[PDB]
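In: one piece of my complex first, more on the way:
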Amino acid sequence: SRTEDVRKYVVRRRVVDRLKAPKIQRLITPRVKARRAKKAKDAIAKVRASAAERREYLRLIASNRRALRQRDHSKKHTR
Amino acid sequence: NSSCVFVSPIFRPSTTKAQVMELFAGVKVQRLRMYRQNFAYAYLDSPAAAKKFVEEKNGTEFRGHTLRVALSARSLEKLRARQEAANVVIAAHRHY
Amino acid sequence: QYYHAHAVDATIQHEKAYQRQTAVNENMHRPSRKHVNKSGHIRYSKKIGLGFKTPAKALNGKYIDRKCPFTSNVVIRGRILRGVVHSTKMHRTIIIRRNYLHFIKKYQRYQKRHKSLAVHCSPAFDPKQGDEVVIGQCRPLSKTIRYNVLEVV
């Protein structure tokens, strides 16, 4: 029943003295949990940054258009 | 500093001019103007009250909508001079 | 109410399949005015590069051509050659002759040589035997056709 140490129960075999214990696969230690959680973090952060470059670039396009529009409105103001 | 206050989100079809006078009631209003963006310009007689008005109306709810009020740099005297400047050049245009 | 659909064209529809351009829809009650000619019809007519003028019969014509460089997806690239119309006995296709002189180095003299090319000719041009045409290289249009007519002189 879960929430226990699994390394105390697996089968060891003696040869003729050393005991042969298999490597425990799919054992997600907290070190393994660290990178998996880190994996889902940089992904959402890296798409958050991409929206900033899109946002700032749209500022570059619109700020120039705003400048040109009032420039045409200042020239017609004198007219 | 400036007496003018910018008020939103007052919608013209949703709220009548009398009801938008109701939250302005209690503080003297020089003039009220209504706009499509659902933002309204209401000139205030007392510049001191305008500084009090934003504090009084900060976080308030009007007609079921959370209301945002800010003081506006535009003044009545600069517009009325522009207004008179409009009529004189208007009359010239009609003569053309 | 009910829209007055455009009548069928007897002089163009003779191929037992409906002839239409695969770039525009001509069955709209309201067009887009982007692809519309001066007669009120919906027509696709691009412009090819290298400073070639789209003929008026291509802009305001009734013909349908899937291999015409102006009113289809056939693009001109590669080589732009020049020749004389040799034969117009096929349908939408002409044979041109590229007459040239070949220099024989040993004898220090030239000799007259000619080359034949099968070229697709759009209904916008209608050339005649002995005329002069400018052709542009396109994709293989048939077993022998790799050029499209661009001018008629």
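Out: That came in fine, so what should we check first? Numbers count the residues shown, from 1 in each chain, chains lettered A, B, ... in the order given.
In: Same question for the residue nearest the centre of chain C, what's its three-state structure.
Out: Centroid-nearest residue in chain C, with CA atoms, centre = their mean: residue C:122, separated by 3.1 Å. At residue C:122 the chain is in coil, as set by DSSP: H, G, I helix; E, B strand; the rest coil.
In: which stretch of helix or strand covers the nearest residue to it once chain neighbours are set aside?
Out: Spatial nearest neighbour of residue C:122, chain neighbours left out: residue C:68 (4.0 Å); criterion: CB to CB, 6 or more residues apart in numbering or on different chains. Using the backbone N, CA and C atoms, a C-beta is placed for each residue, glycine as well. Under the criterion DSSP states H and E, no helix or strand holds residue C:68.
In: Surely residue C:68 touches residue C:57?
Out: No: between residue C:68 and residue C:57 there is no contact under CB atoms under 8 Å: 10.4 Å.
In: who touches both of the two?
Out: C:123, C:124 (CB atoms under 8 Å, 6 or more residues apart in numbering or on different chains).
In: Mind checking which of the two has more residues around it?
Out: residue C:68 (25 against 15; other CB atoms under 10 Å in any protein chain shown).
In: quick one, what contacts the more buried one?
Out: Counting by CB under 8 Å, 6+ apart, residue C:68 makes contact with C:58, C:74, C:120, C:122, C:123, C:124, C:148.
In: try 10 Å this time
Out: Applying CB atoms under 10 Å, 6 or more residues apart in numbering or on different chains, we find residue C:68 in contact with C:21, C:45-46, C:58, C:61, C:74, C:92, C:120-125, C:148-149.
In: Not counting sequence-adjacent ones, nearest residue to residue C:3?
Out: Distances taken as CB to CB, 6+ apart put residue C:29 closest to residue C:3, at 5.0 Å, once the chain neighbours are dropped.
In: doesn't that neighbour fall inside a strand?
Out: No: counting by three-state DSSP, residue C:29 is not found in a strand; it is coil.
In: Number of residues surrounding it?
Out: By other CB under 10 Å, the residues close to residue C:29 number 7.
In: Parallel or antiparallel, list what pairs with the helix or strand containing residue C:118.
Out: In this assignment (DSSP H and E), residue C:118 forms part of strand C:109-120. Using DSSP bridges, strand C:109-120 pairs in its sheet with strand C:93-104 (antiparallel), strand C:147-152 (parallel).
In: Deepest-packed of the ones you listed, please.
Out: Highest mean neighbour count of the strands paired with strand C:109-120: strand C:147-152, a mean of 22 (counted as mean count of other CB atoms under 10 Å in any protein chain shown).
In: following sequence is chain D, place it on the structure:
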Amino acid sequence: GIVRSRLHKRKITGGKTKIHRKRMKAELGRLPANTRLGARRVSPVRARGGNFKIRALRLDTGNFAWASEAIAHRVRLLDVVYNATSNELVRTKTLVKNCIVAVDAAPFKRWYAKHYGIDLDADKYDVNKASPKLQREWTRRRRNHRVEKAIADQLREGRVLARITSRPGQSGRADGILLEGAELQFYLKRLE
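Out: One more piece, chain D, placed on the ones above:
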């Protein structure tokens, strides 16, 4: 096997090409689909580059689009009525590109009522159930749009003519559009 090279063809001069090379896999050909009307049966084909081609064997449904309304619906294929290649393709009910088919007109009738409030026949959509705000939207759309009688009569009957715009033996699906305008009037004469 099947090849698409020009080595077997005669030269334009009429001469015979002397082939000095064995057949190549880069010039192969495959056997055609001969897609027919029926329950959906397809066969994947491992094309060049690892991509898969869906050789459809039988098909019964596909997305058919009303071009004048920018609308498309999934409908079942009822019949194939015209083929510009031969009558044998109509007689065998072979689905190929540009072949004229008859599809179920029910979704286009349901959409037209939901959009314009004009039930052509007048689960099923009811125009009068719509809230009174919606009729204002319908009136704005009704002045913008005017439908053709030839198409509308097809909705009333329940079957509407269409033209397949996809390649069933290449993509594995039979999509199309409804015949509108002079194209429809062209095919009505042949079918009559």
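In: Re-run the earlier check on the neighbour count of residue C:29 with chain D in the model.
Out: Counted by other CB under 10 Å, the residues lying close to residue C:29 total 15.
In: about what we covered before: does any bit of the strand holding residue C:118 sit next to chain D?
Out: Yes: counting by CB under 10 Å from any CB of the partner chain, chain D has neighbours in strand C:109-120: C:116, C:118.
In: Check which strands are paired with the helix or strand just after that strand and give the direction for each one.
Out: Toward the C-terminus, strand C:109-120 is succeeded by strand C:132-137 as the next helix or strand (DSSP H and E). Applying DSSP bridges, strand C:132-137 is found paired with strand C:77-87 (antiparallel), strand C:147-152 (antiparallel).
In: The last one: how far from the chain's middle?
Out: Shown here is strand C:147-152, whose average C-alpha point lies 6 Å from the average C-alpha point of the whole chain (CA atoms, centre = their mean, to the nearest Å).
In: got it, and stretch D:58-69?
Out: Relative to its chain's centre, stretch D:58-69 lies at 6 Å (CA atoms, centre = their mean).
In: again, but for stretch A:64-79
Out: Its chain's C-alpha centre and that of stretch A:64-79 lie 45 Å apart, by CA atoms, centre = their mean.
In: so residue C:40 makes contact with residue C:31?
Out: Yes: Residue C:40 lies in contact with residue C:31 (CB atoms under 10 Å); the separation is 8.4 Å.
In: returning to what we had before: so what's the residue nearest to the centre of chain C up against?
Out: Counting by CB under 10 Å, 6+ apart, residue C:122 makes contact with C:55, C:57-58, C:61, C:63, C:65, C:67-72, C:74, C:92, C:148-150.
In: again, but for residue C:43
Out: Contacts for residue C:43 were tallied using CB under 10 Å, 6+ apart; they are C:21, C:23-24, C:26, C:31, C:35-37, C:58-62, C:71.
In: Which residue lies closest in space to residue C:50, excluding its sequence neighbours?
Out: Spatial nearest neighbour of residue C:50, excluding adjacent residues (CB to CB, 6+ apart): residue C:80 at 6.8 Å.
In: beta partners of that neighbour?
Out: Applying DSSP bridges to residue C:80, the residues it is bridged with are residue C:136.
In: so it makes contact with residue C:136?
Out: Yes: Residue C:80 is within contact range of residue C:136, at 5.1 Å (criterion: CB under 10 Å).
In: those helices in the chain, which residues are they?
Out: In the absence of a named chain, this looks at chain A. For chain A, the helices defined by DSSP state H cover A:30-78.
In: I was thinking of chain B, sorry if that wasn't clear
Out: Counting by DSSP H, one finds helices in chain B at the ranges B:17-24, B:47-56, B:76-95.
In: to the structure above, add chain E:
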Amino acid sequence: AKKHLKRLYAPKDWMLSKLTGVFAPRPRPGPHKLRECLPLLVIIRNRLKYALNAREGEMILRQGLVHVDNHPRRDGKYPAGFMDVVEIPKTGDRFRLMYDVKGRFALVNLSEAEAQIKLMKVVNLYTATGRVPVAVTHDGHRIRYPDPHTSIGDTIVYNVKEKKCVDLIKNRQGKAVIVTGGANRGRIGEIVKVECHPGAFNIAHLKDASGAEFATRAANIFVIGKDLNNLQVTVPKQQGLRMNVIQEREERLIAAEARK
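Out: Placing chain E onto the earlier chains gives this:
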């Protein structure tokens, strides 16, 4: 595909003798064309002479010592072409690859913080997914958000450390350009006028500082400064001037005599 590259079929700029090797390092795909690149084994062994053999060349490269554009490379067949900053921190070489007046590759040594300054020529302008303007350069890099005024044929100076563009130089007449193709390649000159023939190649007429009028196809020029006087980065030692061969012969004979 083919994996071998014969000694004779190898580019002549690599300077490998036809008697020593039967084969040559075939440049694996990457940033530069195999006709326009020095494999990092060729660079580390035949040019810098840090490696004695090719076996001692893989020793250096696999260790990650050789950095290209602020990035370590381990494959000896890495292209490592033109206008790239190569750094070996153990020896602090910090040099970039350029073309001398004779058209060959040059290890132009760079100063500190000059490695960050790097240029690259825009070869294609297209939109990626989501309406994103993208510019791909001669190095193969893709710029996700370039300057709104950037066009094809202009070069952007690009910070390798920051991974960000810092300025743009538009391709116009009266700019400093360095030729990258042919026998004319490796010459810094000034664009006097460019003749535009649609479809075919574009002809770029240039005039270097000494006043020589030379031309080439517009696909070979590379803008290197706003004017001939001031250049963004350092260039090979000849300053991009090809002097007369007869005077080339006379001076080296005089200099050889001056030794004795």
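In: Re-run the earlier check on the neighbour count of residue C:29 with chain E in the model.
Out: Using other CB under 10 Å, residue C:29 has 15 other residues around it.
In: Tell me how far it lies from residue D:188.
Out: Plainly put, residue C:29 is 19 Å away from residue D:188 if you go by CB to CB, to the nearest Å.
In: and what of residue E:9?
Out: On the measure of CB to CB, residue E:9 and residue D:188 end up 67 Å apart.
In: Equivalent analysis for residue D:76, please.
Out: Using CB to CB, residue D:76 is found at 22 Å from residue D:188.
In: So residue E:9 and residue D:188 - more neighbours on which side?
Out: A count of neighbours by other CB under 10 Å puts residue D:188 above the other of residue E:9 and residue D:188, at 13 against 10.
In: did I read that right, that one in a helix?
Out: Yes: the assignment for residue D:188 by three-state DSSP puts it in a helix.
In: contacting residues for it?
Out: Shown in contact with residue D:188 (CB under 10 Å, 6+ apart): C:8, D:150, D:161, D:179.
In: repeat for residue C:8
Out: With contact set as CB under 10 Å, 6+ apart, residue C:8 has these partners: C:18, D:181, D:182, D:183, D:184, D:185, D:186, D:187, D:188, D:189.
In: Which of the helices or strands spans residue E:58?
Out: Going by DSSP H and E, residue E:58 is part of helix E:55-62.
In: Outside of that helix itself, list whatever touches it.
Out: The contact list for helix E:55-62 (CB under 10 Å, 6+ apart) reads E:25, E:39-46, E:48, E:50-51, E:53, E:65-66, E:72-78, E:88, E:90.
In: what number of residues lie near residue 39?
Out: All of this refers to chain A. Neighbour tally, residue A:39, other CB under 10 Å: 9.
In: please go with chain C instead
Out: Residue C:39 has 9 neighbours, counted by other CB under 10 Å.
In: Helix or strand for it, just tell me which one.
Out: Using DSSP H and E, residue C:39 sits within no helix or strand.
In: which residues touch it?
Out: C:60, C:61, C:62.
In: what comes up buried for the strand holding residue C:118?
Out: Neighbour counts over strand C:109-120 (16 or more other CB atoms under 10 Å in any protein chain shown) mark C:117, C:118, C:119, C:120 as buried.
In: So which of the contacts of residue D:188 is the closest to chain A?
Out: residue D:179 (43.3 Å; CB to the nearest CB).
In: distance of the closest one from residue D:154?
Out: Using CB to CB, residue D:179 is found at 9 Å from residue D:154.
In: Dump the buried residues of strand C:109-120 into a markdown table; add distance to chain A as well.
Out: Compiled in a markdown table, those are given as follows (distance: CB to the nearest CB, whole Å):
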| residue | distance to chain A |
| --- | --- |
| C:117 | 49 |
| C:118 | 50 |
| C:119 | 46 |
| C:120 | 44 |
